[PDB]
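Let us start with two forms of the same protein chain, each given on its own as structure tokens and named structure 1 and structure 2.
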Structure 1
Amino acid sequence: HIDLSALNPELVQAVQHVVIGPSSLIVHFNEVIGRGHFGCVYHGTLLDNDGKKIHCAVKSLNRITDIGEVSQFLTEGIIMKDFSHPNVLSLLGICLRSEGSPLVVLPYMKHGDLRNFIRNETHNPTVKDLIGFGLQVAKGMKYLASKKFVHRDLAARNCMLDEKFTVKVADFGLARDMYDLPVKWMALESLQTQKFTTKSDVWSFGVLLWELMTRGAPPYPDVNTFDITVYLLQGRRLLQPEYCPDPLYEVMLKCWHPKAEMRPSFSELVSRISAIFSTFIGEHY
């Protein structure tokens, strides 16, 4: 139980456009589609204002206990609503129950996370398809970066893939969670200082590209998490994947430049990757 009434009228009124009524949402607690640390993702059914059934994903957030966490939850709801972009996940809304825990209502992503999609043997993406997925991620990050938003957790498992094989940058705001660590996707300066910028997201994006070109191989499998900073300070980097073209491996290496100023912007990455994308032939997705 959490008291909706005695929160903060000015804040609560600012949230109203994000709020969903509990009557207007069905959550299928029997059908789990994802596991995080802060909560699981379920199949839900939303009813929009004209009364049409929309198939959605619903994340619970157990641990959102005190008024601080509940207030911060609403603010993240506000932030997410103001983002609109084809390669960025959108928030449908939030549902504060009378008795139960708060619920994050999200669009259903038919083909799940990008890492599990590429890892699955049933799926057969071409080299062009994989470059295309990376290009889509870059466009989302270009949008977020233009809104002065730092992700801090960009990785292939944290991007989702919809019915039309459109990649959505996900795992931010209310959808932030450890899904089923991030040290191996962190920029060298972030490992030492714990300070995150758009240029640290560029590093992480580089590793995400390596994930795509390996079809979801775990990075640095033989390097222990504690000595990763030392590995990178010796200049050691992820090797070129078997079916990764040279010009795209050059892109990855530029993302892993130790000085952050010298890394490309996401704007630059969209240009460079779309140029590389325009030399390949043949797409399954």
Structure 2
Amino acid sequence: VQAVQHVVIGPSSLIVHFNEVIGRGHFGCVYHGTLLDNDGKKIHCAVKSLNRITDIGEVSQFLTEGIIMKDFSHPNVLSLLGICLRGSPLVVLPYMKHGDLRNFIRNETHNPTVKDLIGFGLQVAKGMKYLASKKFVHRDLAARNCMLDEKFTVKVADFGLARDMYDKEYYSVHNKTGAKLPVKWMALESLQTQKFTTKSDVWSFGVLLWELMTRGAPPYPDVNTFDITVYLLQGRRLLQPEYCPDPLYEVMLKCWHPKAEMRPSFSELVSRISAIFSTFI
């Protein structure tokens, strides 16, 4: 079965600039690339290799699980330009001028305003509302996993064929299942059961909002990965950033409610954030 044949890129249509690495996932590196379009235009692109996973079964399972991203289409969701065969399964993605969202806001030479940062979080909410509408659970939402292109458009990434660990520091590897667990972004019920829902995506989105308002500060810097579960069980949460408006912090606190049902939907989040985005800050 090859439904991937509808997104296959011919080898003579893609040049991978192996001398230019723009990312390092556990499954392989990310390279600068040049893609020849349908209509004969040369576009800058990013090529993600999956050569680090070496098994025909584990290759094919990753492809059919991630090929669904070809059917997704939303301005705040990273798209799939195609895959190449040869060199081991290359995944061709659009190039994002400003890289991942967390690295952009952490760079001092950049001057994002408070309104810029709220707009970034609104864009993530819109992309997640689309994914939740398609009944797709992200399970690894974080600032490091969203991209920022030339037009200041945020793309929810790190899913489907783009799923990987690009920052090993924040992940724990469960020693029975293969699960890679981003401890300090996970909902409390996810730390307890290792199950993920759209409601646990809402929790992680709250942490991402907190990341934006601090311009990339690491969450819970004084709470080790063991004490985090009791810390959350005591009702303690991430504190309000100095330059986070009060209504935005209340949105964050709603995302971290102990009852997964009680948390707002992503559609409710888009409404509350865009309302905050359009008013005086």
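Just so we're on the same page, residue numbers count up from 1 along structure 1's sequence. Rigid core (definition): largest C-alpha set, two forms, superposition within 1.5 Å.
Participant: When the rigid core of both forms is overlaid, which of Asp153, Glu76, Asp113, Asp129 is the one whose C-alpha moves 2 angstroms or more between the two structures?
Facilitator: Everything else stays below 2 Å; the exception is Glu76.
Participant: Verify the C-alpha shift of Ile26 between the two structures: is it 2 Å or more after superposing the core?
Facilitator: After core superposition, the C-alpha of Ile26 moves less than 2 Å between the two structures.
Participant: Examine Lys259 after superposing the rigid core and state whether its CA is displaced by 2 Å or more between the two structures.
Facilitator: Shift of 2 Å or more: no.
Participant: When the two forms are laid on each other by their rigid core, does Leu233 show a Cα shift of 2 Å or more between the two structures?
Facilitator: No, shifts by less than 2 Å.
Participant: Report, to one decimal in Å, how far the Cα of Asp48 moves between the two structures once the rigid core is superposed.
Facilitator: That residue's C-alpha is offset by 1.3 Å.
Participant: Can you read me the CA shift for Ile67 between the two structures, rigid core superposed, in Å?
Facilitator: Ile67 C-alpha displacement between the two structures, core-aligned: 2.6 Å.
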